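Just one chain follows, in the form deposited in one PDB entry, and it is written as structure tokens.
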């Protein structure tokens, strides 16, 4: 029962924290070459064991939450933002129930309603961009994504209350997701903390009103909000006003930053490979018609090249770079026994560009999925939405959203790099943002 190899700390307490913080990918890539798929190292006195490659990563994804726990690591950051009675503030079984309730809401019935809602929001927002110019796509996409997601996931009522004030409250909640948050004690009266806690109560209060309103209302509506109001547990109890508010927050936060960054990154991949962008525009005609009519849900499924362009983006710029668990009990993989207390980590980013399993691993060639490839070839080579009991329930809504917006965007504009600059990765944010993400655009044909 041998432990995995341990990369000895160069610095006593800090370990490899400095080195990791600059280029964590590069770090993990070197770590693989020199130590193999299973190894342990230290940052700020905490031991992490990393599982690189499908075979190893399998351990994390296959595991029960009893054994490799997600709350043990996530609870302290989420509970203060999402709120009580939801996500990691409850046993995993209760979460898995809440996940079904959320999942049911995300069906073909609602995906149809959404496409038109998202197309409309997309056209109306990109009025302000004029006929051409140079503007930050990321800033723009983030602002658009919150409105779409709120309209779609919350409803028109709650979407109608979305003034720039409420936008800044949603940012103040997101400020709750910081390196400071998990590095420093919660009892430090930090601005970011206090703005999170303030923004929480104020947003809960907004949802409390909108929920009461809907329940009283004779009004029957088939949207996600109602899915949750009507839904029940296995016991037969329905959700509380607070449980619902909690999940409405999680929904929006989940939706926004994952999609916005992903959307922003593609926009620069497409801006670099003009050949591919052209095909992506001509696909729109070829699938929807030469007249470019209002997008419908069933048209989405036929957008193979766009779908593959997204897939290829999440491969190279997955928004959630690392998923990690607390080891509660021993866990064996590749002849190694990970002891309790270790923080077991997996990297979609590393797994999705491993030289040994990826031909031309740095390249953005979305056609790599039209032959044998690790996505369909390997179990856990491709996991931008994860796997097992903690896997994403928002994979479909995400694609719907990213397709519709960019479908509408391609139709509206042609995009290009500025002096042939391609954004490098800014590792300083929680979700890695593109360094200087301003793009050149102009009216399409």
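Residue numbers count along the first chain shown, from 1. Shifts are known only where both forms have a C-alpha. We call the rigid core the largest set of C-alpha positions that still match within 1.5 Å between the two forms.
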property: 78 to 86 versus 219 to 227 - greater average Cα B-factor per the deposited record; result: 219 to 227
property: Comparing 259 to 267 with 207 to 215, the one whose average Cα B-factor in the PDB entry is higher; result: 207 to 215
property: Highest-ranked of 375, 324, 181, 303 once sorted by CA temperature factor in the record; result: 303
property: 282, 190, 171, 73, ranked by C-alpha B-factor: the highest one; result: 282
property: Residue 278, C-alpha B-factor rank within chain (lowest, middle or highest third); result: highest
property: Modelled-residue ranking by C-alpha temperature factor, third containing residue 29; result: lowest
property: Position of residue 414 among the chain's modelled residues by C-alpha B-factor, lowest, middle or highest third; result: highest
property: Ranked C-alpha temperature factor of residue 397 among modelled chain residues, by third; result: middle
property: Chain-relative CA temperature factor third for residue 436; result: highest
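Keep in mind the form deposited in another entry is missing from the figure; the text below concerns it.
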query: Shifted position (C-alpha, 2 Å or more, core held fixed) between the shown form and the other one, chosen from 374, 155, 319, 80; finding: 80
query: Large Cα shift (2 Å or above) at residue 329 between the shown form and the other one, core-fitted; finding: no
query: Exceeds or equals 2 Å, Cα of residue 36 between the shown form and the other one, core fit; finding: no
query: Is_shifted residue 293 between the shown form and the other one (CA, 2 Å cut-off, rigid core); finding: no
query: Closer or farther: C-alpha pair residue 241/residue 75 in that other deposited form, relative to this form, given a change of 3 Å or more; finding: farther
query: Inter-Cα distance between residue 349 and residue 179 in that other deposited form, nearer or further [3 Å or more]; finding: closer
query: Regions shifting between the shown form and the other one, defined as 3+ consecutive residues whose CA atoms all move 2 Å or more relative to the core; finding: 74 to 81, 178 to 193, 218 to 220, 388 to 390
